[PDB]
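One chain is shown next in structure tokens, namely the form deposited in one PDB entry.
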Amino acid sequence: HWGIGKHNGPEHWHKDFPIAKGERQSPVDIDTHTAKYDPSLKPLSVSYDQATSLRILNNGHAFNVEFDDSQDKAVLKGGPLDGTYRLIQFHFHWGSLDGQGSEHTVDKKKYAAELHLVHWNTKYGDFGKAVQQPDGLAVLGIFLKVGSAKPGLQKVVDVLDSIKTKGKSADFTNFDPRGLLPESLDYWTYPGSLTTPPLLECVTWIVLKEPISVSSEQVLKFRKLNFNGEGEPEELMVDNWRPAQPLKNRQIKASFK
């Protein structure tokens, strides 16, 4: 069930997607005192210098910035991953208030928003085939807290007026996603799922410990988008996050002592 479309509340998804009650669902709470350092993890390699952004789309549940993934231009490797994973799109989840909005939590703390950079394993040839595999995707998660403005984010905030309603898109070329990363690449990792329908259990999650700060005025502009299509009754695009799901039989590993 991916693509342009409104979603109902996450508590109803299990009626259409039974995997919503599965064994490796995301997001989860990260208990920092139970995650174990893993000296086996190799260092993480983010290679975004040749990234090619194309378009920004309001898909009725978030906005996606889409990349050319027809070649290895923007890739993720190392860490817990085997193989090369190609960036296809990034998007955010955010709240109606600064005290809520993230999907993952850290010792039950909620951040104001969470950025997801989605990558697919090139040995499966394309995104559609990759989501049918347990190691098909790698999603880099980054928390946002409210404080100083993030310069690298402002070109994104600037174009949201042109994609206010469901189904609208705008050109979005030459955007450099390195401007959204924090200073440190220390992370937690665990096996999980997509956090929207169809909720497939195909993701290796890499969640960064250091948040980035964005300004109150930047997040206020996220809250002006609409879930609805033009000419329909107005619904503000807020609180588009899924709550923490049971960890079940999984261990969270840390890249740092």
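Note that residue numbering begins at 1 and tracks the sequence as displayed.
Remark: stretch with higher mean C-alpha B factor among 76-84 and 131-139 is 76-84.
Higher mean CA temperature factor between 168-176 and 67-75: 67-75, per the PDB entry. If you compare the C-alpha temperature factors of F222, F227, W205, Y37 in the entry, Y37 comes out highest.
For the set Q218, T52, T195, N58, the PDB entry puts the maximum C-alpha B factor at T52.
Looking at the C-alpha B-factors along this chain, the one for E183 belongs to the highest third. The deposited CA B-factor of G95 belongs to the lowest third of values across its chain. The PDB entry assigns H116 a C-alpha temperature factor belonging to the lowest third of its chain's modelled residues.
Residue-level temperature factors show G101 in the lowest third of its chain, judged at the C-alpha atom. When the modelled residues of the chain are ordered by C-alpha B-factor, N249 sits in the highest third.
Not pictured, yet referred to below: the form solved in complex with a small molecule.
A heavy atom within 4.5 Å of the small molecule in the deposited complex is found for exactly one of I206, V219, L200, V28: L200. When the small molecule is considered in the deposited complex, only one residue from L194, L225, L44, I212 comes within 4.5 Å through any heavy atom, namely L194. Although the partner is absent from this view, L180 stays clear of the small molecule in the deposited complex, with no non-hydrogen atom inside 4.5 angstroms. Shown alone here, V139 lies within 4.5 Å of the small molecule in the deposited complex, counting heavy atoms only. Residue contact with the small molecule in the deposited complex: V118 places a heavy atom within 4.5 Å of it.
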